[PDB]
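Protein chains: 2
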Amino acid sequence: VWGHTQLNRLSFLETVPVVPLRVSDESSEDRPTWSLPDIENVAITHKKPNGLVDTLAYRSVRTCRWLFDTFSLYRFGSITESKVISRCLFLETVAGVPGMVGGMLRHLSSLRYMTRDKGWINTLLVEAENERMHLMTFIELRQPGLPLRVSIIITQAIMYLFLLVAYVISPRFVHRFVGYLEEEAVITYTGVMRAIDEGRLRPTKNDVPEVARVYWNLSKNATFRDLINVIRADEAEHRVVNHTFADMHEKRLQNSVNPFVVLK
Amino acid sequence: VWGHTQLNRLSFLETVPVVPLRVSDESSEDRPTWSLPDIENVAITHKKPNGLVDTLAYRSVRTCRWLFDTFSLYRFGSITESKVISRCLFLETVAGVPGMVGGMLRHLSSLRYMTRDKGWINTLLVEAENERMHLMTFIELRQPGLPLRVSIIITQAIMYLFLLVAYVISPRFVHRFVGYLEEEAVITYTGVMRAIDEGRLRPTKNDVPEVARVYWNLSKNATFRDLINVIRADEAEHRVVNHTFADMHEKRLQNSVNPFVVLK
Ligand SMILES: CCCCc1cc(=O)oc2c(O)c(O)ccc12
Ligand SMILES: CCCCc1cc(=O)oc2c(O)c(O)ccc12
Ligand SMILES: [Fe+3]
Ligand SMILES: [Fe+3]
Ligand SMILES: [Fe+3]
Ligand SMILES: [Fe+3]
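Those protein sequence lines, which keep their order, are chains A and B. So for the first sequence, the authors' numbering puts the first residue at 32; every next one is plus one. So for the second sequence, the authors' numbering puts the first residue at 32; every next one is plus one.
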């Protein structure tokens, strides 16, 4: 029904009163579609670093873990559900930026040079969205306090800036860095899952939010375990896809067709 | 078959030299679908400015039309296909930016305030992608000179910066500034279609580029006019959508469900 008669109306401000809040509309239509007993078998991998650069990405990813563990007192206390979420929550605020700047920089090159991109730009932009939906999911499980609100904001500053220039200077470094982060992402979500299983953590969000049901297409019966596990598969996708974009950069392949447009 | 076994592999660098370059993958799959006899009737509109803001937007967008027409010898020549393609090519290198800075900002706000976006983001993201396809098409009907190829980059720098700080200060301003740009894009692309029809322009690439032919889903018999015709629809879509957004801004509805999610 989207025709020239709609196209020719000056504005549509007067229709915002009558248009529902739909949870399907929070995301773009490009949703993951994992099946659960498969992705159960996601596993902690570690790509060896080649050069200085891959190493620098590592040491700095490792240093970021160290910091964010000591200061988040993940290390001293007991694995609560409240410090698991409160942790990811913070962490998805940053997870949404290296997708987005990567897309937005590639897109500017592809405009200015006037050149085909071969479906990088969209894969990166959805990683950015995919992570944003982790954050839209975790926010439903736990609204954080003024402290964390403000630590997210200063941090976004630091990061949006670091990622913008680190990506100008070295897309290889960023894709390699995000790659290294996502190994940790996957450890943190398989550790969590190990914990639910063993019984060392008994989660009271066995309601899975409406956003997260339609986005990941799960049953209404989907447990908290399930939700970690699909997100743990999203994070494995990112682990390879950016370590793939890393290597492509390594071998001057940073303008080849993105192999994953095929491999969907 | 995108399951754990793939997700568990360190790279896919191997595959890169055996995966094809298919013109579909250049875009996301969130493609336009018009039919030509309907969007034949797309009109030239003009929204009233309310504020000193909407005014400013309008006067900036007119001064830009003036400049561009004057520095592009459009005012003093027999309209060629060359200068039509040349003007439209340059321009999509600036159309491709607002959607991208708009989208990313809304994204970064959603991440740091941990709040819903309600599907503005992905709209501004396919706003920008669509534009960039306009440019991928025009690149193929005419590869530009060095002197334009330069101008393009110095332009991007100015504009990327401008829109980034405009969009922080008043997206209402920018979304208007686009709204009033797309009014002038429709004017032109109609004029062009008139000029084909009145016989005064004899287009020589009625081979419509593969990129486009898939993107806009046209026949193999699709003419140049036919392409102009759709591109113009897209441009009039962006005209309402941005004015709507600048209208929503104006009434403090920059958090309301993007009306157009539904109208899709
Ligand atoms: C500095 C490494 C942080 C690891 C991490 C833990 C987590 O709980 O969730 C993450 C996560 O959701 C990511 O996307 C990336 C990294 C993590
Ligand atoms: C700065 C005014 C430009 C108007 C305009 C003319 C044109 O020939 O093509 C356009 C175009 O392709 C757009 O996407 C936006 C604006 C124009
Ligand atoms: Fe994550
Ligand atoms: Fe991540
Ligand atoms: Fe355009
Ligand atoms: Fe445009």
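All C-beta atoms, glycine included, are put in the ideal place defined by N, C-alpha and C.
Assign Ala243(B) to one of three DSSP states: helix, strand, or coil.
In this structure, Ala243(B) counts as helix in the three-state DSSP scheme.
For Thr275(B), which option in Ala226(B), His206(B), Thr254(B) has the closest C-alpha, if you only look at C-alpha atoms?
When each option's Cα is compared against that of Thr275(B), the closest is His206(B).
Name the chain A residues that come within less than 7 Å of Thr76(B), Cβ to Cβ?
Within 7 Å Cβ-Cβ: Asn39, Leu41.
Closer than 8 Å: is that where the CB of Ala159(B) sits relative to any heavy atom of ligand 5?
Flag unset: Cβ of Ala159(B) not near ligand 5.
At a threshold of 8 Å, does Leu122(A) count as lining ligand 1 (C-beta to nearest heavy atom)?
Yes, since a heavy atom of ligand 1 falls inside the 8 Å radius drawn around the Cβ of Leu122(A).
At a cut-off of 8 Å, would you count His165(B) as near ligand 5, judging by its Cβ distance to the nearest heavy atom?
Checking the Cβ of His165(B) against ligand 5 gives yes.
Could you check how far apart the C-beta atoms of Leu67(B) and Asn260(B) are, in whole angstroms? I think they sit under 8 Å.
Indeed they touch by this definition, with Cβ atoms about 6 Å apart.
Could you check what DSSP says for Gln285(A) in three-state terms: helix, strand or coil?
Of the three classes helix, strand and coil, the one that applies to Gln285(A) here is coil, per DSSP.
Can you tell me the Cα-Cα spacing of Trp97(B) and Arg143(A), whole angstroms?
Cα to Cα, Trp97(B) sits roughly 23 Å from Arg143(A).
The segment 182-199 of chain B: which residues have C-beta closer than 7 Å to a C-beta of chain A, in chain order?
Listed in sequence order: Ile183, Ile184, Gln187, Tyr191.
Which residues, in chain order, does the segment 273-289 of chain A contribute to contact with chain B at a C-beta distance below 9 Å?
Residues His274, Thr275, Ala277, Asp278, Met279, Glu281, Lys282, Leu284, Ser287, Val288, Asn289.
Starting from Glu162(A), trace the alpha helix (DSSP H) in both directions and tell me its first and last residue.
Element bounds for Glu162(A): 152-172.
Does the structure place the segment 34-46 of chain B close enough to the segment 136-150 of chain B that three or more beta carbon pairs sit under 8 Å?
Taking 8 Å as the limit for Cβ pairs, the verdict is that the segment 34-46 of chain B does not touch the segment 136-150 of chain B.
Would you kindly report the start and end of the unbroken alpha helix (DSSP H) that includes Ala74(B)?
It is not in any alpha helix (DSSP H) - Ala74(B) carries neither H nor E in the DSSP assignment.
Below 8 Å, can you find three or more Cβ-Cβ pairs linking the segment 108-116 of chain A to the segment 128-142 of chain A?
The segment 108-116 of chain A is not in contact with the segment 128-142 of chain A.
Using a C-beta to C-beta distance shorter than 9 Å, which residues of chain A count as neighbours of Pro175(B)?
Under the 9 Å cutoff, chain A gives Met145.
To the nearest angstrom, how far is the alpha carbon of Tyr246(A) from that of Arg256(B)?
Between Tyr246(A) and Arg256(B), the C-alpha separation is close to 40 Å.
Taking all protein chains shown into account, decide if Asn72(A) is buried (16 or more other Cβ within 10 angstroms of its Cβ) or exposed.
The residue in question, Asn72(A), is exposed, as its Cβ has fewer than 16 Cβ neighbours within 10 Å.
What's the gap between the Cα of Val47(A) and the Cα of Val292(B)?
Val47(A) and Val292(B): Cα-Cα distance of roughly 11 Å.
Could you give the distance in angstroms between the alpha-carbon of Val199(B) and the alpha-carbon of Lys295(B)?
C-alpha separation (whole angstroms): 28 Å.
Give the DSSP-derived three-state secondary structure of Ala253(B) in the structure shown.
DSSP places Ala253(B) in coil when its eight states are reduced to three.
Quick check: is the beta carbon of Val205(A) nearer than 9 Å to any beta carbon in chain B?
Chain B, which has no Cβ nearer than 9 Å to the Cβ of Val205(A), makes this no.
Within a Cβ cutoff of 7 Å, which residues of the same chain sit near residue 296(A), ignoring the five residues on either side of it in sequence?
Coverage of chain A is limited to positions 32 through 295, which leaves residue 296(A) absent and any answer about it impossible.
Among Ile189(B), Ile262(B), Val239(B), which has the Cα closest to the Cα of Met224(B)?
Nearest C-alpha to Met224(B): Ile262(B).
With three or more C-beta pairs closer than 8 Å as the rule, is the segment 146-157 of chain B touching the segment 224-244 of chain B?
Flag = no, the segment 224-244 of chain B and the segment 146-157 of chain B do not touch.
Kindly indicate which three-state DSSP category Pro63(B) falls into: helix, strand or coil?
Three-state result, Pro63(B): coil.
Whole angstroms is fine: what's the gap from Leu155(A)'s alpha carbon to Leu156(B)'s?
The straight-line gap from Cα to Cα measures roughly 12 Å.
Among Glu45(B), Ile170(B), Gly230(B), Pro240(B), which one has its Cα closest to the Cα of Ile110(B)?
Closest option to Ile110(B), Cα to Cα, is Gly230(B).
Roughly how many angstroms lie between the CA atoms of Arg180(B) and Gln174(B), to the nearest whole one?
Those two C-alpha atoms are separated by around 9 Å.
Can you find the residues in the same chain that come closer than 6 Å, C-beta to C-beta, to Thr86(A), ignoring five residues on each side of it along the sequence?
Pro80.
Could you tell me which of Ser59(B), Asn289(B), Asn252(B), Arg283(B) sits nearest to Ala159(B), measuring between CA atoms?
Cα-wise, what sits closest to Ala159(B) is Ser59(B).
Go ahead and label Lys251(A) buried or exposed: buried means 16 or more other beta carbons lie within 10 angstroms of its beta carbon, across all protein chains shown.
Answer is exposed; the Cβ neighbour count stays below 16.
Using 9 Å as the limit for Cβ to Cβ distance, is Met224(A) near chain B?
It does not: the Cβ of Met224(A) has no partner Cβ on chain B nearer than 9 Å.
Does DSSP put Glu229(B) in a helix, a strand or coil?
Of the three classes helix, strand and coil, the one that applies to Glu229(B) here is coil, per DSSP.
Cutting at 8 Å between CB atoms, please list the residues of its own chain near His77(B), excluding the five before and the five after it.
Cβ within range, chain order: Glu214.
Could you tell me whether the Cβ atoms of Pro240(A) and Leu172(A) are closer together than 9 Å?
The answer is yes: Cβ separation under 9 Å.
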